[PDB]
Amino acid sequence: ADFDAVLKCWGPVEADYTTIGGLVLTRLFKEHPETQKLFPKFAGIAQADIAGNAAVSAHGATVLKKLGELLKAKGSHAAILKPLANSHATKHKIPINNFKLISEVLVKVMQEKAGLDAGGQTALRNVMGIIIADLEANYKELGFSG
């Protein structure tokens, strides 16, 4: 049910993955500034320059596309999620808590741009909890617990 609740508000996200993707990464770097250094291509860019940055928005679109794939899969997602865990743990070297930060940013952005009301916000936190628990199990398989 919680996947359905998120998907009934995903339209504005999927309608402009670049714009919304930019909103999400811009807000992530503002509200959680320590996350920006985890993106060496973006680290060091002054906050005022991030909202208008096409590379940041293009990356945000990649992120939200991938999340849309997971959401549309409704909890049967191993072929999508395992590679995502593998690359984030081992290539990007992103400790798991950072996913919790981006999820909360997404909740905020969807409340403002996608009509995601209080119940939908609960649902999205639950769904992101499912995804993050699966990422974290995979991280642990690979030796990553930090």
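Residues carry their position along the shown sequence, with the first being 1.
Here the stretch with the larger average CA B-factor, out of 102-110 and 75-83, is 75-83. For the pair 114-122 and 22-30, the record assigns the higher mean C-alpha temperature factor to 114-122. In the deposited entry, the Cα temperature factor of residue 36 sits in the bottom third of values across the chain's modelled residues. Compared with the other modelled residues of the chain, the Cα B-factor recorded for residue 15 ranks in the highest third. Compared with the other modelled residues of the chain, the Cα B-factor recorded for residue 97 ranks in the highest third.
Ranked against the other modelled residues of its chain, the C-alpha B-factor of residue 139 as given in the entry falls in the lowest third.
In the deposited entry, the Cα temperature factor of residue 62 sits in the top third of values across the chain's modelled residues.
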